[PDB]
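So this one's entry.cif, mmCIF, C-alpha atoms:
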data_structure
loop_
_atom_site.label_atom_id
_atom_site.label_comp_id
_atom_site.auth_asym_id
_atom_site.auth_seq_id
_atom_site.Cartn_x
_atom_site.Cartn_y
_atom_site.Cartn_z
CA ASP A 3 0.00 0.00 0.00
CA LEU A 4 1.13 3.69 -0.34
CA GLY A 5 1.89 3.98 3.41
CA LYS A 6 4.34 0.99 3.30
CA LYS A 7 6.12 2.46 0.23
CA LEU A 8 6.30 5.90 1.94
CA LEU A 9 7.87 4.33 5.06
CA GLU A 10 10.39 2.53 2.75
CA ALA A 11 11.03 5.75 0.72
CA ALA A 12 11.58 7.78 3.94
CA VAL A 13 14.14 5.38 5.52
CA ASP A 14 16.00 4.88 2.18
CA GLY A 15 16.36 8.64 1.34
CA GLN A 16 14.15 8.44 -1.83
CA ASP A 17 13.37 12.26 -1.99
CA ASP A 18 11.65 11.96 -5.40
CA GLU A 19 9.59 8.90 -4.38
CA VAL A 20 8.44 10.58 -1.13
CA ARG A 21 7.04 13.46 -3.23
CA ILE A 22 5.49 11.06 -5.83
CA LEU A 23 3.78 9.02 -3.06
CA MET A 24 2.41 12.12 -1.26
CA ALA A 25 1.16 13.45 -4.68
CA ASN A 26 -0.62 10.06 -5.17
CA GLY A 27 -2.32 10.50 -1.73
CA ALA A 28 -0.03 8.56 0.66
CA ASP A 29 -0.75 9.32 4.33
CA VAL A 30 2.25 11.38 5.58
CA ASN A 31 1.47 9.92 9.11
CA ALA A 32 1.25 6.27 7.91
CA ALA A 33 2.20 4.11 10.92
CA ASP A 34 3.47 0.56 10.87
CA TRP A 35 2.61 -2.18 13.44
CA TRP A 36 5.38 -0.70 15.70
CA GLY A 37 3.97 2.91 15.66
CA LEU A 38 6.77 4.14 13.35
CA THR A 39 5.94 6.89 10.84
CA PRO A 40 7.82 8.22 7.80
CA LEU A 41 9.15 11.12 9.87
CA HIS A 42 10.59 8.70 12.47
CA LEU A 43 12.42 6.77 9.74
CA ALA A 44 13.71 9.89 7.91
CA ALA A 45 14.83 11.40 11.26
CA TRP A 46 16.56 8.07 12.21
CA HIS A 47 18.48 7.74 8.90
CA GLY A 48 19.44 11.47 8.64
CA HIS A 49 17.28 12.29 5.52
CA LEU A 50 17.00 16.09 6.07
CA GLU A 51 15.21 17.00 2.80
CA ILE A 52 12.59 14.25 3.45
CA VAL A 53 12.12 15.44 7.07
CA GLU A 54 11.49 18.96 5.68
CA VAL A 55 9.06 17.67 2.93
CA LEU A 56 7.16 15.50 5.47
CA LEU A 57 6.83 18.41 7.97
CA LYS A 58 5.71 20.72 5.12
CA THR A 59 3.03 18.12 4.12
CA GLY A 60 1.55 17.68 7.66
CA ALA A 61 3.77 15.02 9.32
CA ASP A 62 3.19 14.82 13.12
CA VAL A 63 6.49 16.06 14.59
CA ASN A 64 5.53 14.61 18.02
CA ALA A 65 4.48 11.10 16.75
CA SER A 66 5.58 8.39 19.20
CA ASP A 67 6.10 4.73 18.43
CA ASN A 68 5.25 1.74 20.70
CA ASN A 69 8.38 2.57 22.80
CA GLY A 70 7.41 6.25 23.24
CA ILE A 71 10.18 7.22 20.85
CA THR A 72 9.63 10.51 18.92
CA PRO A 73 11.43 11.72 15.79
CA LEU A 74 13.41 14.05 18.01
CA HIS A 75 14.58 11.16 20.23
CA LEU A 76 15.81 9.36 17.07
CA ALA A 77 17.57 12.40 15.52
CA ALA A 78 19.13 13.30 18.91
CA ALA A 79 20.29 9.68 19.57
CA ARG A 80 21.57 9.13 15.97
CA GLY A 81 23.50 12.44 15.85
CA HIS A 82 21.50 14.24 13.12
CA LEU A 83 22.04 17.88 14.26
CA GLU A 84 20.29 19.72 11.37
CA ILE A 85 17.28 17.38 11.74
CA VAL A 86 17.17 18.12 15.55
CA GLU A 87 17.12 21.85 14.70
CA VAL A 88 14.31 21.45 12.08
CA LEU A 89 12.23 19.22 14.36
CA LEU A 90 12.49 21.74 17.28
CA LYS A 91 11.53 24.64 14.94
CA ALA A 92 8.42 22.58 13.87
CA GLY A 93 7.37 22.13 17.58
CA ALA A 94 9.03 18.88 18.62
CA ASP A 95 8.58 18.38 22.41
CA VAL A 96 12.14 18.87 23.57
CA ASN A 97 11.36 17.04 26.88
CA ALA A 98 9.44 14.02 25.51
CA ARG A 99 9.92 10.89 27.58
CA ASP A 100 10.12 7.47 25.94
CA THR A 101 9.02 4.32 27.85
CA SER A 102 12.44 4.21 29.60
CA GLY A 103 11.84 7.82 30.79
CA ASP A 104 14.65 8.97 28.53
CA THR A 105 14.42 12.43 26.98
CA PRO A 106 16.19 13.51 23.78
CA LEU A 107 18.83 15.13 26.05
CA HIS A 108 19.40 11.75 27.83
CA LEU A 109 19.90 9.98 24.47
CA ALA A 110 22.22 12.70 23.00
CA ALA A 111 24.28 12.62 26.26
CA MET A 112 24.41 8.75 26.22
CA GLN A 113 25.34 8.62 22.49
CA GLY A 114 27.97 11.40 22.71
CA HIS A 115 26.40 14.08 20.50
CA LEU A 116 27.66 17.34 22.07
CA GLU A 117 26.36 19.97 19.64
CA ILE A 118 22.91 18.25 19.84
CA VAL A 119 23.07 18.45 23.69
CA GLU A 120 23.84 22.21 23.37
CA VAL A 121 20.90 22.85 20.92
CA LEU A 122 18.51 20.80 23.15
CA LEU A 123 19.60 22.85 26.21
CA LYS A 124 19.10 26.10 24.21
CA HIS A 125 15.49 24.97 23.42
CA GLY A 126 14.56 24.26 27.10
CA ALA A 127 15.68 20.66 27.60
CA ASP A 128 15.21 19.60 31.25
CA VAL A 129 18.76 19.07 32.64
CA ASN A 130 17.32 17.52 35.84
CA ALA A 131 15.20 14.89 33.98
CA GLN A 132 15.50 11.42 35.53
CA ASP A 133 14.78 8.28 33.53
CA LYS A 134 13.11 5.25 35.06
CA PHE A 135 16.59 3.93 36.07
CA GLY A 136 17.20 7.14 38.12
CA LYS A 137 19.69 8.64 35.65
CA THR A 138 19.99 12.28 34.55
CA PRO A 139 21.56 13.18 31.20
CA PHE A 140 24.71 14.20 33.17
CA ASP A 141 24.79 10.68 34.72
CA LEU A 142 24.59 9.02 31.24
CA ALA A 143 27.33 11.32 29.91
CA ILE A 144 29.56 10.34 32.89
CA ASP A 145 28.67 6.60 32.52
CA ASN A 146 29.61 6.68 28.77
CA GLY A 147 32.85 8.69 29.34
CA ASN A 148 31.39 11.69 27.45
CA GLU A 149 33.38 14.25 29.55
CA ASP A 150 32.68 17.31 27.27
CA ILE A 151 28.89 16.67 27.47
CA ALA A 152 29.14 16.06 31.28
CA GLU A 153 30.95 19.45 31.71
CA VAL A 154 28.33 21.33 29.59
CA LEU A 155 25.42 19.70 31.56
CA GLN A 156 27.06 20.52 34.92
CA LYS A 157 27.28 24.22 33.82
CA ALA A 158 23.63 24.26 32.57
CA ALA A 159 22.51 22.75 35.96
CA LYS A 160 24.35 25.62 37.73
CA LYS B 309 19.71 -7.99 18.20
CA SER B 310 21.33 -8.27 21.71
CA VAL B 311 18.89 -6.82 24.38
CA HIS B 312 20.23 -3.53 25.91
CA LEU B 313 18.63 -3.06 29.39
CA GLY B 314 18.61 0.12 31.49
CA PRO B 315 19.09 3.66 30.21
CA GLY B 316 18.49 3.83 26.46
CA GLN B 317 16.37 0.62 26.46
CA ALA B 318 13.41 2.16 24.59
CA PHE B 319 15.75 3.82 22.09
CA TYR B 320 17.72 0.61 21.45
CA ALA B 321 14.43 -1.33 21.03
CA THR B 322 13.15 1.09 18.37
CA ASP B 323 16.66 1.45 16.78
CA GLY B 324 16.66 -2.39 16.33
CA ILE B 325 13.10 -2.52 14.82
CA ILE B 326 14.09 0.25 12.30
CA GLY B 327 17.24 -1.79 11.53
CA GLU B 328 14.90 -4.65 10.39
CA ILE B 329 13.05 -2.80 7.54
CA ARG B 330 15.98 -0.35 6.81
#
As structure tokens:
Amino acid sequence: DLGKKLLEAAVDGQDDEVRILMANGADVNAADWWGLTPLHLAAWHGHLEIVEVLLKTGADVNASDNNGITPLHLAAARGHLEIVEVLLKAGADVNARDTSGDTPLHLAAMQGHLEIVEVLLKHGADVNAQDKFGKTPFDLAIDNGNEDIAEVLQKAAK
Amino acid sequence: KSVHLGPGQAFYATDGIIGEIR
């Protein structure tokens, strides 16, 4: 169906096909069994032009999958800085919790993406956020030996 | 396809699912 092809086009970077499918009436918010939408998959794989096209054509920036994961979580975790910026400009919830209680800031701190941590903090990320395992983003930075991120989070918390 | 427990668990779960259809 058109929704399956759009999910495939979005994860595979098929800019032209994404536009063809949405012209042929594909649902921009098509969700698979797992709650994943085209915007999740484009945000995950770093397809900036597709993220922009999907947002322009009504994609839900705050869509969550079965694990509470939002496009912003995926872009923050996967190190896609320009996508993080575009998703926040479109109204992404900077402090969304997934089903582990992790925020985008937790996942950027864990995965070692320092400029993404700085942009999240600039857009109101909650430095004190605790996941369900009792960890703050600072704790995950420390745990993962991300000393630059730990230093920036300690300053933000002051 | 190994099961990562604790912080990042939700992320790793979704990251693995996306890895299937990728």
Next item on the list: Excluding residue 146 of chain A and residues on its chain fewer than 3 positions from it, collect all residues at most 7 Å away from it, counting all atoms listed in the file, and give them as a list in words.
Entry: residues 112, 142 and 143 of chain A
Note to self: Residues near segment 314-324 of chain B, anyone? I mean within 6 Å using all atoms listed in the file, not counting same-chain ones fewer than 2 positions away, as a VMD selection string.
What the structure shows: (chain A and resid 69 101 to 102) or (chain B and resid 312 326 to 327)
Note to self: Suppose a student applies the PyMOL selection byres ((chain A) within 9 of (chain B)) to this structure; what residues should they get, written as a VMD selection string?
What the structure shows: chain A and resid 10 13 to 14 36 38 43 46 to 47 67 to 71 75 to 76 79 100 to 104 108 to 109 112 133 to 137 142
Next item on the list: Any chance you could resolve the PyMOL selection byres ((chain A and resi 21-25) around 10) against this file and give the residues as a list in words?
Entry: residues 4, 5, 7, 8, 11, 16, 17, 18, 19, 20, 26, 27, 28, 29, 30, 52, 55, 56 and 59 of chain A
Next item on the list: Could you check how far atom CA of residue 32 of chain A sits from atom CA of residue 96 of chain A, in Å to one decimal?
Entry: 22.9 Å
Hey, could you pull the box centre and edge lengths for segment 310-327 of chain B, axis-aligned, 6 Å padding per side, all listed atoms, to one decimal in Å, as AutoDock Vina command-line options?
--center_x 17.2 --center_y -2.2 --center_z 21.5 --size_x 20.2 --size_y 24.1 --size_z 32.0
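The interatomic distance for the pair atom CA of residue 81 of chain A and atom CA of residue 60 of chain A works out to 24.0 Å.
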